[PDB]
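Included below are structure tokens for two forms of one protein chain, each presented in isolation as structure 1 and structure 2.
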Structure 1
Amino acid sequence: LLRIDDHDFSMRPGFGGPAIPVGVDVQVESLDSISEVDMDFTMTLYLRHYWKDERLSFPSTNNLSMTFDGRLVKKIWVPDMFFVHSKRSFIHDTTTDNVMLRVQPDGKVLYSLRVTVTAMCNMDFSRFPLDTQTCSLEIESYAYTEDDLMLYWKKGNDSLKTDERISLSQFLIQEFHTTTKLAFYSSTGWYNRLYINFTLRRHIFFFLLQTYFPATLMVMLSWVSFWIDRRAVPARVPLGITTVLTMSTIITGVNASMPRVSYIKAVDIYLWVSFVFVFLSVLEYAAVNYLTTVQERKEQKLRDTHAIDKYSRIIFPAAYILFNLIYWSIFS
């Protein structure tokens, strides 16, 4: 039927002659994980190849595609494709290798693989946790240059399809599309790359509850020290100290879960401003206590509400509100 034993398949079709066209269709099954510290993502996809090989021609009367077991794959020539800038990947093998082989009577061949790929994606956290990130997956031939193999999307924009169940708990996925670009290696020649592009957006709610509310609550807990009688030194001092230390703990806990980036994120700006306010509260009380002591000493040697508290009760909330307005007008 196929006369496999009569041919040497160590050479591509057209060997010694013009390049062989190869078309690609991709269907994305899922996006399994995203790792900010590792700066990568894991995708499961169906990779489909189209090419023609006269050596697989067989007689028939119905002009219909016929399906073979898939162990025949290792006896015939198959296009060499690999994922560029990946960290690890594999082909699923239960209950058998998830490999399809269909051959038409005139030699047209359809080849399909189910693979899982972990690939690198460089992300900019300068607007975290309000950032928008983009990632891509690159498909390129390994052994054959553009002189031997021509790689292209089979149906252009319509070659990429996605399952309706693609979802992430933290990220919104949008704008899947495909592009084509060339690549050059100084010692091997020119290669043709295929691209799968998509965009990711975060949900802010979780970060609000984890960071922004606790810091605001710690700032507001430092303003009750302005309504307590200043004669209660052992009540007013520990309150401010505890609020400062809790703010420090919040900052450390927030920074613990992110990659060790050399630049400043928006959450760092917010937390450090809140910390500054909490610190200023303690300094303000220390000034008040010192001035009261000075006045007592002067009065005895010569023999109400302090203005600082009265003005702080107004100044601190207004400054904090203005800061919040400007911050959330800039970062939105």
Structure 2
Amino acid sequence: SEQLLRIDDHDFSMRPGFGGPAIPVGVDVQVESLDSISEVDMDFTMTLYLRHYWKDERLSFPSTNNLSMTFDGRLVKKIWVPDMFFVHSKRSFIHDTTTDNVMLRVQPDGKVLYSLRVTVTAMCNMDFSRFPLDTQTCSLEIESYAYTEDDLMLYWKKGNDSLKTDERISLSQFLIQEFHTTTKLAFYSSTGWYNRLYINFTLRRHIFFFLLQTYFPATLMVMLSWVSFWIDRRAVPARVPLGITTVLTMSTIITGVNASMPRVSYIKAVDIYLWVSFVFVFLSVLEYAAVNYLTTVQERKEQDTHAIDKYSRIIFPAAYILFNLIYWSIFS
């Protein structure tokens, strides 16, 4: 094998066909798993198989079998091999247990297949201002490092059919949909033009979990705060603790929701809901102070429900309804 190929009779720092046109190289990918997601750092981790095809007649051998052979890794450092890399990546590695996950098959003609197994972490810019009703889209990019479109030609081996995805892929916090591929040509100011391949996909959440954990308790709190309009205004020590305890409860809920968020420092769509229900509960406590002050001054002036109570009984819910209509018209 090491003899079948005239390894010492050629020069492999030289791309196959240095001189005239660019070498065609064709790519095939199969995704094994998506491993983790960070919302704070804005990135994701994926593990896949990567395959390459090309022809190099320096590697042809005399056999009659019309069938391929096999090598692994050691030969990659003797021969010439392409040099793809992952664009917009934070870290990556190739697996090496119990030996290097690298495969090499060569036919009599010198046609070649070359394959690896890798894990990549790759950046994805996200926007959380519609949280928890956001949708995100991410991508993985592949490019040649050293050779430009005048020396190497990059393309998907079988067009739209060059991506395969494993059956058992899932996340404990997301739903994954819409895998597909595309291409684009890209330019560097000090080095030139290159071809680039993409893999795209889309993410969404489970909205009912967030509904019950956040929107439901605050609504029950705002509804608890309307009870005070139906209690006798003469019962001061039963109308005064109620409001302030309700404020305490709502502040506890809001604090509890703040101590578990992914810690991204700009205003999002649930913060608005929570702070508006805080303001409603606060107004309910101003109302009864108005009523008490007026009843007391009347008592002093002289020496039945109050108008403000029987008006609040109507006004407060209608305005909560009006707020909910507008809010869900804006975030749908």
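Think of the rigid core as the biggest set of C-alphas that the two forms share within 1.5 Å after superposition. All residue numbers here follow the sequence of structure 1, with the first residue given the number 1.
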| query | finding |
| --- | --- |
| Rigid block check between structure 1 and structure 2 (residue 318, residue 196) | no |
| Whole-degree rotation of one rigid part against the other between structure 1 and structure 2 | 16 |
| C-alpha positional change at residue 136 between structure 1 and structure 2 - rigid core reference, Å | 0.3 |
| Angstrom shift of the Cα atom of residue 211 between structure 1 and structure 2 (superposition on rigid core) | 2.4 |
| Residue 60 CA shift between structure 1 and structure 2 in angstrom, with the core used for superposition | 1.2 |
